[PDB]
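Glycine gets a Cβ as well: all are built from the backbone with ideal geometry, and neighbour counts include every protein chain shown. Rule-based calculations on the coordinates, nothing more; no lab input.
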Amino acid sequence: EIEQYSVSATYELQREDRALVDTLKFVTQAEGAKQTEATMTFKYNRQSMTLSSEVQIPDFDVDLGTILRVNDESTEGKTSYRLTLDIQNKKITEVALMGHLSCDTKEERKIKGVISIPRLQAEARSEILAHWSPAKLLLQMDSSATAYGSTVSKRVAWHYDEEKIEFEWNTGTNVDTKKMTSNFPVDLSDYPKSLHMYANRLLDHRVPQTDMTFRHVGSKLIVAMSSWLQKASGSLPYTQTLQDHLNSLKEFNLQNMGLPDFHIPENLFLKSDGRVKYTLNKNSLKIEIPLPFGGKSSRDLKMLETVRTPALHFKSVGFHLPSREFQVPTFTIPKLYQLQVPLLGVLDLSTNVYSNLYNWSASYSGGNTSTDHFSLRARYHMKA
């Protein structure tokens, strides 16, 4: 069926509509009726900065598809990109990594990140925005992560203003018991069958010269220990769930791993509230310090923008070394500096903690409410 073998590393250049794919394939098949196809192809779209990797191995059904799509959307006044990592296992997208960037150079600086897993429910967020402003400054942050129903949040926002300056923080972390139980697979594909077969083996095998099996003594011991448990104090539904578990265990057959009883509260909340309120009366001070020798571009630093190594083509020894072009991140020198000069009070803080069965509140606003009228009210409060 196979007349011979041949392995090749032929490089081709595919016509992707308008774009060109530097398709390099490494097939290792056997010539003849029996094709031992095992090809490691790694496509590259140089016209669209797209990298792909293909490996088909039907011997173990290994058909992995890795596609790296990069969108060049950066312009002279709008720097943007769309990073995409599509991890397909057996052509099934199981890990996807998408990034959205709209970091403009004028006011808006949108930085985003998408992290989710369709198979295991592992959703994570990373979104950054920073609204540029010559006078004030506006900035935000987003970083959320939910995996198996583990809700984690962090909400911190700060904004500058001539009147007031505010700064809050919110560390959200709530993990629910039933949500964990449902999201996390708590049942094994091969476990109830094993328990049933173990119970069958235990029942269908015992000492001779008699017919009682160990299940009778096991039920006796479960009854005795249940009687001892109910002998002591404590009237909770967890005890009744335990009794049901014991009755099920009497036959030596369960449904899941461990103990289904959940003594913890179904809602497990843990939050750290807090803020900063910082008054600057009504106006701020925006000093525009002149910066001499400013506004220069990359070429004025006596440095090159792109580093190009000497391409070495020596025919005597056949040495080939192309020009590796390295891009130096550009930076522009500001001509003026915006400096914010603050003012006096009023000052105020508040922070509240909400842990499980714990609601602690605090509030204090110090500082004279009026500089020119001397109305001081520095009152605090602590509640738990």
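Across q = 0.21 Å⁻¹, region 1-71 modelled as identical point scatterers on its alpha-carbon atoms has Debye log10 I(q)/I(0) values of -0.90, in the order of the q list. The eigenvalues of the Cα gyration tensor, multiplied by 5 and square-rooted, give region 239-299 an equivalent ellipsoid with semi-axes of 70, 23, 5 Å from largest to smallest. Between the exposed loop cleavage positions of the chain, defined as chymotrypsin sites (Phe, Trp or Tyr not before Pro) in a non-H, G, I, E, B DSSP state with at most 11 neighbouring beta-carbon atoms within 10 angstrom, the longest gap is 61-292.
If amide hydrogens are placed 1.01 Å from N in the peptide plane, which non-local residues have theirs closer than 5 Å to the one on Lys335? Those lying under 5 Å, H to H, from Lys335 are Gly295. Partners of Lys302 within straight-line reach, counting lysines whose Cα lies under 28 Å from its Cα and excluding those fewer than 8 residues away in the same chain: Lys78, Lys106, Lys335. Each principal axis of the Cα cloud of region 83-216 was taken in turn, and the coordinate range along them, longest first, works out to 97, 40, 14 Å. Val21 sits among other residues whose Cβ lies under 13 Å from its own Cβ, and their net charge, with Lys and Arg +1 and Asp and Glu -1, is +1. Once both labels are positioned 7 Å from their Cα atoms along Cα-to-Cβ, the gap between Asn247 and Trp228 label points is 2.2 nm.
In the elastic network of the chain, a GNM with C-alpha springs shorter than 10 Å, the most mobile of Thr241, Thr181, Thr93 is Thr241. Cα to Cα, under 25 Å, and not fewer than 8 places away if on the same chain: which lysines meet these conditions relative to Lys25? List returned: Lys34, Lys43, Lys90, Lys91. Among the trypsin sites (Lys or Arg not before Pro) in region 110-196, those located in a DSSP loop and surrounded by at most 10 other Cβ atoms within 10 Å of their own Cβ are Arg119. Among residues other than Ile92 with Cβ under 15 Å from its Cβ, the summed charge is -2 (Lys and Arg +1, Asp and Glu -1).
Of the trypsin sites (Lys or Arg not before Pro) found in region 284-362, those in coil by DSSP whose Cβ has at most 12 other Cβ atoms within 10 Å are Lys296, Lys302, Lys315, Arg324. With each label modelled as a point 7 angstrom along the Cα→C-beta vector, the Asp161-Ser8 pair spans 7.0 nm. Taking GluC sites (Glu not before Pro) in DSSP loop conformation with at most 15 other Cβ atoms inside 10 Å as exposed sites, the chain has its longest uninterrupted site-free stretch at 164-265. Calculated mean residue ellipticity, 222 nm, the chain: -4000 deg cm²/dmol, from DSSP H runs (n ≥ 4) at -39500 (n - 2.57) each, averaged per residue and rounded to 500.
The Cα-based radius of gyration of the chain, divided by its Kirkwood radius, gives an Rg/Rh of 1.14. Between the residues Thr173, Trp228, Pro134, the greatest Cα displacement towards the positive end of the dipole of the chain, with unit charges on the Cβ of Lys, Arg, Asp and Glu, is found for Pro134. The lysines whose alpha-carbon is closer than 16 Å to the alpha-carbon of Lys164, local same-chain residues fewer than 8 away aside, are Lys136, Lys277, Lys282, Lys286. Considering only Cα atoms, the convex hull volume of region 1-136 works out to 118 Å³ per residue.
Full extension of the chain segment joining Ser153 with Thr171 gains 5.9 nm, where the gain is 0.36 nm per residue of separation less the Cα-Cα distance. Selection among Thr351, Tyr44, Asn247 by position relative to the dipole of the chain gives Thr351 as farthest towards the positive end (Cβ unit charges, Cα centre). Neighbours of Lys112, meaning other residues whose beta-carbon lies under 15 angstrom from its beta-carbon, give a summed charge of -2 when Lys and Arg score +1 and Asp and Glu score -1.
Annotation: average projected area of region 244-384 is 25.1 square nanometres, based on the convex hull of Cα atoms across all directions. Distance between the C-alpha centres of region 175-209 and region 18-79: 45 Å, rounded to the whole angstrom.
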